[PDB]
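Input: a single structure, listed below in structure tokens.
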Amino acid sequence: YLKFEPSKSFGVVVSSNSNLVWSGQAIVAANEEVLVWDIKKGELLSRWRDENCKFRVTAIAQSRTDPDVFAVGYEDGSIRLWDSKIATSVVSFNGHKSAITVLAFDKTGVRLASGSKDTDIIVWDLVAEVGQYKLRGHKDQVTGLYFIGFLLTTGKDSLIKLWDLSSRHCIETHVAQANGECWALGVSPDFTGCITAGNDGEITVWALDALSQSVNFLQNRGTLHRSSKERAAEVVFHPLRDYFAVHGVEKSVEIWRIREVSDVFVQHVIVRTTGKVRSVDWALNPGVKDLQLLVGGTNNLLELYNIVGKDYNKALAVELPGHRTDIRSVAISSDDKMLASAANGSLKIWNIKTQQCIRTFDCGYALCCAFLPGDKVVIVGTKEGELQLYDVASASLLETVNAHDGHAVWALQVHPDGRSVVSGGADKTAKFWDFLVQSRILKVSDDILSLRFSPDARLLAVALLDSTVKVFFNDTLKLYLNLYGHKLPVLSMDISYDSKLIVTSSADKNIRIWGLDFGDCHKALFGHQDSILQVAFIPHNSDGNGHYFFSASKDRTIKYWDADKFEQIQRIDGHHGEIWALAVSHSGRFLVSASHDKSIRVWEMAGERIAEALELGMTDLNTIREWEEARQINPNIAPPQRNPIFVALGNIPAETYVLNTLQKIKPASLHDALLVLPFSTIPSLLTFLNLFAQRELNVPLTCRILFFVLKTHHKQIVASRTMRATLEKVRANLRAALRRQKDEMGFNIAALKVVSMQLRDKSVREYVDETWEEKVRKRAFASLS
Amino acid sequence: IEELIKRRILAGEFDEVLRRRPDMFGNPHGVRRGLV
Amino acid sequence: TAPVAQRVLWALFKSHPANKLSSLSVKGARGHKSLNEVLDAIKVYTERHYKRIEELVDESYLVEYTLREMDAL
RNA sequence: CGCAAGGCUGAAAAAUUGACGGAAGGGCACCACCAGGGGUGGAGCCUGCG
RNA sequence: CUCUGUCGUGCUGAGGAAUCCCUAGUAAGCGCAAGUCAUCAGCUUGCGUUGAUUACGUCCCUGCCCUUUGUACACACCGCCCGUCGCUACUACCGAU
């Protein structure tokens with residue numbers, strides 16, 4: 001019941017997630033690890049990988065005034081502050097909901113702002129490890145951050161927003177594109193010019209300047225249009241000289257210079273790149289006179305260009321440690337020291353112990369690859385219908401054979417003895433070439449997708465487009481039997497070492513285990529949320545585990561099953577793209593898996609409440625009158641220093657506080673708790689009632705609770721003495737407020753009577769005749785009984 | 001019996017006598033007795 | 001929000017003459033939002049508030065009674 | 001009498017109305033509080049149940 | 001049961017932890033009758049007699065239910081409860097074919 005574990009992972013330089021940084025090193029993002037390369041030699045310096053995290057990384061930021069501490073932002077919504085000296089995550093910030101997308105740093109590096117795709121922009125302190133606060137505008141996701149203090153930002157709703165930080169709310173807004181999207185942000189390092197790239201190939205240019213009145217800080221000083229009318233991915237300025245770079249996710253990067261706006265910004269150079277660039281970045285080399293433009297391109301490459309100012313030249317490149325489009329097939333050699341990896345555009349063969357490429361080739365497309373026994377030559381069946389034969393030792397092309405005309409070779413299998421190969425192509429046939437010369441062909445009804453032999457070479461099994469499997473004998477090609485029971489075409493098959501079991505994977509998200517004698521489905525089993533792509537056993541039963549098999553499935557999962565118990569013994573996570581291929585070890589002790597990530601891996605009380613509120617309010621009032629005494633005697637610094645609950649609620653006065661705590665309860669509860677109140681706190685209550693009637697608000701609540709208190713304590717009040725002064729005050733204030741409110745509402749009702757009479761006067765009648773019969777509201781009021 | 005309970009609860013058909021309105025005779029549509 | 005609605009209405013009435021408020025004519029005057037009905041609604045609700053505040057003063061004379069009692073002692 | 005009565009097969013959803021909660025406020029209860037009472041449970045007899 | 005006398009505590013000992021029930025002709029004591037198509041004689045169901053203590057409040061604990069939508073109009077009051085997702089329309093984005 002041994003499990004498996006991720007041990008090696010390679011074959012990938014910068015992915016399609018953004019935001020490369022330069023340090024003379026290039027710091028780029030793999031799937032989940034942040035890896036650091038040299039560009040001069042292609043050997044990588046290091047990798048940064050946190051074991052607690054499995055989610056992909058998508059934003060990188062270098063701290064200004066201090067390198068060797070770096071911010072990465074993942075997909076889950078987490079920020080990790082790493083060090084470059086020691087490769088550990090010194091701290092983690094888990095505040096966002098999803099998909100960090102833009103990072104930015106302070107001038108002093110104490111403050112770090114993160115904009116996400118959950119639209120919250122969060123600032124972070126770096127000396128207290130707490131989330132400071134949480135800004136909120138932006139109808140849709142944010143795409144650009146910068147620190148001016150002040151904050152500048154921009155989001156997908158074509159909104160550019162200038163936030164304060166002293167008072168956490170927005171100061172100024174503008175909208176850049178009318179019906180479009182503000183997509184990228186660029187700030188000049190002197191904070192004077194800011195350009196925003198919008199979807200139509202537009203770049204809007206804005207001038208900056210370094211509250212109750214009309215505030216205006218950003219000015220839309222104009223618009224320009226670049227050449228490519230694509231989604232402009234990023235805009236990066238030069239740290240020192242007067243240049244910037246605009247690029248969309250495309251094969252062109254436009255560097256412009258800074259001297260109307262059509263005059264002040266001109267096109268310096270348009271650099272053409274080999275593939276679609278994902279993220280450009282800037283690099284200045286100590287002792288160069290040029291511009292190191294460091295592009296990271298989605299087709300798995302790093303390039304480093306020189307740009308001359310007052311043409312381009314591909315100076316440096318990092319492409320060798322990874323395939324360049326997408327790995328489609330793997331096959332490891334018989335000694336399990338090297339593997340061959342087949343991708344659209346190239347072949348690369350690698351040493352496992354060094355996890356490092358040793359040889360390469362150019363092939364057009366690459367469906368299937370398989371090495372021949374004695375691990376000297378490797379076969380590739382490719383979509384144009386061809387089989388090419390290369391080798392490791394001479395590193396050249398040996399042979400080409402046109403098996404099928406315009407039909408992709410979907411299946412390639414070497415005979416277990418090792419004297420022939422079988423090619424199942426997208427035509428209606430499958431061919432048998434021994435060595436290479438055509439021994440025999442096989443005409444089958446539909447397209448053939450995948451086929452494999454028996455490990456004791458007794459019977460062959462093909463898997464068609466009819467959602468069927470046909471198993472034939474090996475000596476003569478008579479139809480031994482067939483398997484049905486799949487609704488979608490079978491995408492893969494593999495049969496056990498002793499030819500006692502067939503596992504068969506369809507596109508119906510499920511697999512079958514067949515008994516291979518009489519063809520009885522030992523078990524149908526549904527195990528994956530998407531189409532299960534490839535399935536393979538482990539050959540060696542010398543450990544006693546020959547009936548175990550892995551299944552690679554398009555929902556990013558490996559699943560490790562045992563057929564005899566019919567049970568899933570492991571689930572293997574660790575890929576974030578629809579995995580394309582896998583292969584097992586001939587020792588069975590490890591396996592390899594090649595994904596759409598372009599990576600491969602090798603796996604080894606109400607009354608008491610208002611009483612306390614009264615007490616708090618009275619203590620606050622004592623502090624306020626003492627502070628008033630202090631500021632009256634001298635204007636020196638003496639803080640009021642009120643209660644933390646007041647300063648947490650937001651410095652509202654205690655009168656507002658006690659008004660909330662008297663309003664919150666229902667009126668029946670108000671009656672009951674005001675009865676519950678003891679006579680000791682009645683003077684506090686009378687003070688607050690006086691202050692309510694003085695600063696008139698909720699005068700019916702004021703009156704009703706004053707009356708309740710007086711009537712349920714009338715004898716104690718007339719016997720006491722201290723209540724005389726407070727009751728004089730509350731009588732004067734209540735009478736003043738009621739007289740004011742009564743006078744205003746009487747004025748309102750008198751004026752309304754007058755204006756209604758005048759309206760009747762204006763609307764009486766105009767003509768006069770024998771018919772005054774033309775000269776009210778009615779309501780229905782249905783009653784059931 | 002447990003299976004019959006599960007069948008009834010899933011495809012819910014309870015034999016409960018349902019509360020009929022008291023004045024279905026004189027008031028068949030059951031209009032509201034207020035503002036109309 | 002009755003007191004805040006009445007005061008700005010009280011400020012609205014002490015700044016504009018009755019003939020102007022009567023000959024107020026705006027094109028959005030049809031059905032329930034006509035000037036007659038709007039003024040009638042304000043008048044009726046203000047009458048209800050005024051009756052309530054009259055009852056409040058009538059009950060608030062109790063404090064003057066209590067002060068006269070403590071005067072008697 | 002005829003139809004029903006020919007096996008891509010081999011045991012373990014709907015949703016613009018849906019899923020689960022939280023806080024406050026009520027009402028009820030000798031399966032709750034409160035005041036007391038009384039059983040059983042100690043010894044022997046036995047119906048019954050396991 | 002009441003009243004009247006003879007004699008005087010003498011293997012001639014009223015039930016632990018726990019758990020359950022009970023609020024007015026109720027608990028409890030007492031006997032008499034019957035044996036009713038199922039059950040019940042190791043008992044069952046009737047019927048009469050004697051008949052109290054203590055609550056009869058409270059949602060504090062333990063729970064259960066219901067409000068936050070509806071179902072009615074005057075006076076009168078109240079005043080936009082809260083979270084995590086699903087589903088739907090639209091918008092743009094990512095990458096394989």
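Lettering and numbering for the structure tokens are positional, with chains as A, B, ... in the shown order, residues counted from 1 in each chain, and ligands counted from 1 in the shown order.
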>> If DSSP is run on the backbone, what residues of stretch 180-400 of chain A are helix (DSSP H, G or I)? A reply as JSON, numbers by chain would be ideal.
In response: {"A": [261, 262, 263, 264]}
Writer output for current selection, C-alpha atoms, as a compact mmCIF listing (two decimals), in the first residue's frame:
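For reference, result.txt as written:
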# COMPACT_ATOMS: atom_id res chain seq x y z
CA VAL A 261 1.23 64.44 -27.62
CA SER A 262 1.64 63.03 -31.13
CA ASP A 263 4.87 65.02 -31.17
CA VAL A 264 6.05 64.33 -27.62
>> So that I can check the surroundings of residue A:312, please list as a ChimeraX atom specification every protein, DNA and RNA residue that reaches within 9 Å of it, counting only C-alpha atoms (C1' of nucleotides) and ignoring chain neighbours fewer than 6 positions away.
In response: /A:269-272,305-306
Set out as JSON lines a contact list for chain B and chain E with a cut-off of 8 Å, giving each residue of chain B that qualifies its closest atom pair and distance in Å to one decimal, counting only C-alpha atoms (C1' of nucleotides), ordered by chain and rising residue number.
{"residue": "B:32", "atom": "CA", "partner": "E:72", "partner_atom": "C1'", "distance": 7.2}
{"residue": "B:33", "atom": "CA", "partner": "E:72", "partner_atom": "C1'", "distance": 5.2}
{"residue": "B:34", "atom": "CA", "partner": "E:72", "partner_atom": "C1'", "distance": 5.0}
{"residue": "B:35", "atom": "CA", "partner": "E:73", "partner_atom": "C1'", "distance": 6.8}
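Note that atom CA of residue A:539 and atom CA of residue A:597 are 27.7 Å apart.
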Shell of 12 Å around residue E:87, only C-alpha atoms (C1' of nucleotides), local chain residues under 6 positions omitted, as a PDB file with C-alpha atoms (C1' of nucleotides), in the first residue's frame:
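Ended up saving to result13.pdb:
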ATOM      1  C1'   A D  14     -34.574  20.824 -11.285  1.00  0.00           C
ATOM      2  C1'   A D  15     -33.332  26.157  -9.790  1.00  0.00           C
ATOM      3  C1'   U D  16     -34.575  33.738 -11.818  1.00  0.00           C
ATOM      4  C1'   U D  17     -38.239  29.484  -7.218  1.00  0.00           C
ATOM      5  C1'   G D  18     -32.274  25.677  -4.899  1.00  0.00           C
ATOM      6  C1'   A D  19     -28.450  24.145  -0.398  1.00  0.00           C
TER       7        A D  19
END
> What residues in chain C have any atom no more than 9 Å from chain A when counting only C-alpha atoms, and can you write them as a PyMOL selection string?
Replying inline: chain C and resi 3+6-7+9-10+13+18-19+21-23+35-36+39-40+42-44+46-47+49-50+52-54+56-57+59-64+66-67+69-71+73
May I have the selected residues written with C-alpha atoms, as a PDB file, in the first residue's frame?
ATOM      1  CA  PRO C   3     -38.413  66.037  11.682  1.00  0.00           C
ATOM      2  CA  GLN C   6     -40.497  69.077   8.021  1.00  0.00           C
ATOM      3  CA  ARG C   7     -37.688  71.533   8.699  1.00  0.00           C
ATOM      4  CA  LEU C   9     -39.997  72.078   4.088  1.00  0.00           C
ATOM      5  CA  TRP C  10     -40.256  74.823   6.695  1.00  0.00           C
ATOM      6  CA  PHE C  13     -41.867  77.728   2.699  1.00  0.00           C
ATOM      7  CA  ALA C  18     -47.385  81.324  -2.098  1.00  0.00           C
ATOM      8  CA  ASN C  19     -48.271  82.582  -5.565  1.00  0.00           C
ATOM      9  CA  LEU C  21     -45.674  77.714  -5.197  1.00  0.00           C
ATOM     10  CA  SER C  22     -49.258  77.760  -6.486  1.00  0.00           C
ATOM     11  CA  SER C  23     -48.388  78.617 -10.093  1.00  0.00           C
ATOM     12  CA  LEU C  35     -49.333  69.039  -7.475  1.00  0.00           C
ATOM     13  CA  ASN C  36     -52.719  68.846  -5.759  1.00  0.00           C
ATOM     14  CA  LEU C  39     -49.505  68.846  -1.382  1.00  0.00           C
ATOM     15  CA  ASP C  40     -52.472  66.975   0.064  1.00  0.00           C
ATOM     16  CA  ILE C  42     -47.771  66.368   2.822  1.00  0.00           C
ATOM     17  CA  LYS C  43     -50.596  68.207   4.578  1.00  0.00           C
ATOM     18  CA  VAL C  44     -52.231  65.060   5.923  1.00  0.00           C
ATOM     19  CA  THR C  46     -47.989  66.813   8.814  1.00  0.00           C
ATOM     20  CA  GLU C  47     -51.385  66.993  10.514  1.00  0.00           C
ATOM     21  CA  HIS C  49     -47.344  64.585  13.304  1.00  0.00           C
ATOM     22  CA  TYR C  50     -48.736  67.837  14.678  1.00  0.00           C
ATOM     23  CA  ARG C  52     -48.744  63.737  18.074  1.00  0.00           C
ATOM     24  CA  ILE C  53     -46.542  66.626  19.164  1.00  0.00           C
ATOM     25  CA  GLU C  54     -49.554  68.360  20.728  1.00  0.00           C
ATOM     26  CA  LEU C  56     -46.448  65.311  23.727  1.00  0.00           C
ATOM     27  CA  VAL C  57     -46.526  68.883  25.077  1.00  0.00           C
ATOM     28  CA  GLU C  59     -47.979  65.231  28.683  1.00  0.00           C
ATOM     29  CA  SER C  60     -44.755  67.223  29.164  1.00  0.00           C
ATOM     30  CA  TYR C  61     -46.406  69.628  31.572  1.00  0.00           C
ATOM     31  CA  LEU C  62     -45.862  66.881  34.189  1.00  0.00           C
ATOM     32  CA  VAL C  63     -42.273  68.046  34.631  1.00  0.00           C
ATOM     33  CA  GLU C  64     -43.491  71.515  35.544  1.00  0.00           C
ATOM     34  CA  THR C  66     -42.886  67.911  39.564  1.00  0.00           C
ATOM     35  CA  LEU C  67     -40.814  71.079  39.862  1.00  0.00           C
ATOM     36  CA  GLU C  69     -43.882  69.823  43.984  1.00  0.00           C
ATOM     37  CA  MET C  70     -40.195  70.034  44.861  1.00  0.00           C
ATOM     38  CA  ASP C  71     -40.792  73.764  45.295  1.00  0.00           C
ATOM     39  CA  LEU C  73     -40.937  70.907  49.705  1.00  0.00           C
TER      40      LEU C  73
END
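Comparing C:48, C:68, C:27, C:33 by their smallest distance to chain E, the closest is C:48 (using only C-alpha atoms (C1' of nucleotides)).
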> Between atom CA of residue A:155 and atom CA of residue A:97, what is the distance, to one decimal in Å?
Replying inline: 17.0 Å
>> With 8 Å as the limit and counting only C-alpha atoms (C1' of nucleotides), what residues in chain A lie close to chain E? Please list them as an MDAnalysis selection string.
In response: chainID A and resid 596 667 781
Serialized selection, N, CA, C and O atoms, as a JSON list (two decimals), in the first residue's frame:
[["chain", "number", "residue", "atom", "x", "y", "z"],
["A", 596, "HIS", "N", -0.23, 20.03, -19.83],
["A", 596, "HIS", "CA", -0.47, 21.28, -20.55],
["A", 596, "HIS", "C", 0.14, 22.47, -19.85],
["A", 596, "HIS", "O", 0.16, 23.57, -20.41],
["A", 667, "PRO", "N", -39.99, 48.39, 21.66],
["A", 667, "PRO", "CA", -40.66, 49.24, 22.66],
["A", 667, "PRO", "C", -41.19, 48.51, 23.89],
["A", 667, "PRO", "O", -41.15, 49.08, 25.00],
["A", 781, "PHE", "N", -61.89, 49.24, 0.03],
["A", 781, "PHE", "CA", -62.18, 48.75, 1.38],
["A", 781, "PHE", "C", -63.18, 47.59, 1.36],
["A", 781, "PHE", "O", -64.31, 47.68, 1.84]]
>> Quick check: residues of chain E within 12 Å of chain C, only C-alpha atoms (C1' of nucleotides), returned as a list in words.
In response: residues 75, 76 and 79 of chain E
Write the residues of the selection above to a file with N, CA, C and O atoms (P, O5', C5', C4', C3', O3' and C1' of nucleotides), as a PDB file, in the first residue's frame.
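See result-v1.pdb below for the written result:
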ATOM      1  P     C E  75     -55.598  56.285  11.210  1.00  0.00           P
ATOM      2  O5'   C E  75     -55.862  56.397  12.764  1.00  0.00           O
ATOM      3  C5'   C E  75     -54.877  56.884  13.647  1.00  0.00           C
ATOM      4  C4'   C E  75     -55.390  56.788  15.050  1.00  0.00           C
ATOM      5  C3'   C E  75     -54.347  56.728  16.137  1.00  0.00           C
ATOM      6  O3'   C E  75     -53.852  58.000  16.486  1.00  0.00           O
ATOM      7  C1'   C E  75     -55.910  55.016  16.483  1.00  0.00           C
ATOM      8  P     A E  76     -52.322  58.348  16.191  1.00  0.00           P
ATOM      9  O5'   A E  76     -51.517  57.197  16.933  1.00  0.00           O
ATOM     10  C5'   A E  76     -51.513  57.106  18.347  1.00  0.00           C
ATOM     11  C4'   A E  76     -50.757  55.890  18.798  1.00  0.00           C
ATOM     12  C3'   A E  76     -49.478  55.611  18.040  1.00  0.00           C
ATOM     13  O3'   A E  76     -48.405  56.419  18.473  1.00  0.00           O
ATOM     14  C1'   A E  76     -50.707  53.620  18.243  1.00  0.00           C
ATOM     15  P     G E  79     -37.605  52.143  14.875  1.00  0.00           P
ATOM     16  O5'   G E  79     -36.619  52.178  13.627  1.00  0.00           O
ATOM     17  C5'   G E  79     -35.960  50.994  13.198  1.00  0.00           C
ATOM     18  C4'   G E  79     -36.457  50.544  11.847  1.00  0.00           C
ATOM     19  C3'   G E  79     -36.118  51.454  10.680  1.00  0.00           C
ATOM     20  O3'   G E  79     -34.846  51.136  10.159  1.00  0.00           O
ATOM     21  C1'   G E  79     -38.420  50.906  10.624  1.00  0.00           C
TER      22        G E  79
END
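Contacts from chain D to chain A at a cut-off of 9 Å (only C-alpha atoms (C1' of nucleotides)) map to residues 8, 9, 10 and 25 of chain D.
Atom CA of residue A:410 sits 8.0 Å away from atom CA of residue A:383.
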> Neighbours of residue A:140 within 7 Å (only C-alpha atoms (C1' of nucleotides); same-chain residues fewer than 3 positions away dropped), as JSON, numbers by chain?
Replying inline: {"A": [119, 155, 156, 157]}
>> For the strand (DSSP E or B) assignment from backbone DSSP, which residues of stretch 46-242 of chain A qualify? Please present them as a PyMOL selection string.
In response: chain A and resi 46-48+57-62+69-74+78-83+89-94+100-105+111-116+121-125+131-135+142-147+150-155+159-164+170-175+182-187+193-198+202-207+219-225+232-237
>> Just want the 12 Å neighbourhood of residue E:56, counted on only C-alpha atoms (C1' of nucleotides), with same-chain residues fewer than 6 positions away dropped. Output as number ranges by chain.
In response: D: 30, 34-35; E: 23-24
For the selection you just gave me, I'd like the residues written to a file as a PDB file, in the first residue's frame, keeping N, CA, C and O atoms (P, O5', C5', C4', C3', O3' and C1' of nucleotides).
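Now in again_15.pdb:
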ATOM      1  P     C D  30     -45.890  21.825  32.031  1.00  0.00           P
ATOM      2  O5'   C D  30     -45.462  20.968  33.293  1.00  0.00           O
ATOM      3  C5'   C D  30     -45.195  19.581  33.153  1.00  0.00           C
ATOM      4  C4'   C D  30     -43.759  19.268  33.471  1.00  0.00           C
ATOM      5  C3'   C D  30     -43.365  17.796  33.341  1.00  0.00           C
ATOM      6  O3'   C D  30     -42.020  17.686  32.872  1.00  0.00           O
ATOM      7  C1'   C D  30     -43.000  18.527  35.555  1.00  0.00           C
ATOM      8  P     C D  34     -33.637  23.735  39.767  1.00  0.00           P
ATOM      9  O5'   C D  34     -34.683  24.572  40.621  1.00  0.00           O
ATOM     10  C5'   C D  34     -34.420  25.921  40.964  1.00  0.00           C
ATOM     11  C4'   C D  34     -35.665  26.605  41.450  1.00  0.00           C
ATOM     12  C3'   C D  34     -36.422  25.857  42.526  1.00  0.00           C
ATOM     13  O3'   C D  34     -35.890  26.125  43.802  1.00  0.00           O
ATOM     14  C1'   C D  34     -37.922  26.582  40.845  1.00  0.00           C
ATOM     15  P     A D  35     -35.557  24.919  44.790  1.00  0.00           P
ATOM     16  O5'   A D  35     -36.955  24.650  45.481  1.00  0.00           O
ATOM     17  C5'   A D  35     -37.723  25.715  46.014  1.00  0.00           C
ATOM     18  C4'   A D  35     -38.943  25.155  46.675  1.00  0.00           C
ATOM     19  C3'   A D  35     -38.735  23.760  47.232  1.00  0.00           C
ATOM     20  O3'   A D  35     -38.316  23.804  48.583  1.00  0.00           O
ATOM     21  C1'   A D  35     -40.698  23.832  45.891  1.00  0.00           C
TER      22        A D  35
ATOM     23  P     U E  23     -49.203  16.388  36.626  1.00  0.00           P
ATOM     24  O5'   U E  23     -49.484  17.420  37.798  1.00  0.00           O
ATOM     25  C5'   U E  23     -50.207  17.013  38.953  1.00  0.00           C
ATOM     26  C4'   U E  23     -50.697  18.186  39.761  1.00  0.00           C
ATOM     27  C3'   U E  23     -51.342  19.293  38.944  1.00  0.00           C
ATOM     28  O3'   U E  23     -52.488  19.798  39.609  1.00  0.00           O
ATOM     29  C1'   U E  23     -49.490  20.155  40.183  1.00  0.00           C
ATOM     30  P     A E  24     -53.838  20.000  38.773  1.00  0.00           P
ATOM     31  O5'   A E  24     -54.997  19.723  39.817  1.00  0.00           O
ATOM     32  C5'   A E  24     -56.002  18.769  39.520  1.00  0.00           C
ATOM     33  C4'   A E  24     -56.959  18.589  40.665  1.00  0.00           C
ATOM     34  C3'   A E  24     -57.984  19.701  40.859  1.00  0.00           C
ATOM     35  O3'   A E  24     -59.199  19.124  41.314  1.00  0.00           O
ATOM     36  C1'   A E  24     -56.741  19.423  42.825  1.00  0.00           C
TER      37        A E  24
END
> If you count only C-alpha atoms (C1' of nucleotides), which residues fall within 12 Å of residue B:23, apart from same-chain ones fewer than 5 positions away, as a list in words?
Replying inline: residues 784 and 785 of chain A; 28, 29, 30 and 31 of chain B
Selection to disk with N, CA and C atoms, as a PDB file, in the first residue's frame:
ATOM      1  N   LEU A 784     -64.694  41.233   4.415  1.00  0.00           N
ATOM      2  CA  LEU A 784     -65.110  39.874   4.094  1.00  0.00           C
ATOM      3  C   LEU A 784     -66.459  39.535   4.697  1.00  0.00           C
ATOM      4  N   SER A 785     -66.683  39.871   5.955  1.00  0.00           N
ATOM      5  CA  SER A 785     -67.956  39.516   6.549  1.00  0.00           C
ATOM      6  C   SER A 785     -68.985  40.591   6.230  1.00  0.00           C
TER       7      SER A 785
ATOM      8  N   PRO B  28     -65.084  31.817  -2.536  1.00  0.00           N
ATOM      9  CA  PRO B  28     -64.325  30.787  -3.245  1.00  0.00           C
ATOM     10  C   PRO B  28     -62.940  31.225  -3.663  1.00  0.00           C
ATOM     11  N   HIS B  29     -62.743  32.496  -4.014  1.00  0.00           N
ATOM     12  CA  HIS B  29     -61.425  32.944  -4.446  1.00  0.00           C
ATOM     13  C   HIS B  29     -60.566  33.395  -3.280  1.00  0.00           C
ATOM     14  N   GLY B  30     -61.179  33.681  -2.140  1.00  0.00           N
ATOM     15  CA  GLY B  30     -60.424  34.092  -0.980  1.00  0.00           C
ATOM     16  C   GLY B  30     -59.788  35.452  -1.141  1.00  0.00           C
ATOM     17  N   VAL B  31     -60.590  36.483  -1.384  1.00  0.00           N
ATOM     18  CA  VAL B  31     -60.030  37.811  -1.577  1.00  0.00           C
ATOM     19  C   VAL B  31     -59.607  38.397  -0.236  1.00  0.00           C
TER      20      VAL B  31
END
> So which residues touch residue D:36 within 9 Å, counting only C-alpha atoms (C1' of nucleotides), skipping near sequence neighbours fewer than 3 positions away, as a PyMOL selection string?
Replying inline: chain E and resi 53-55
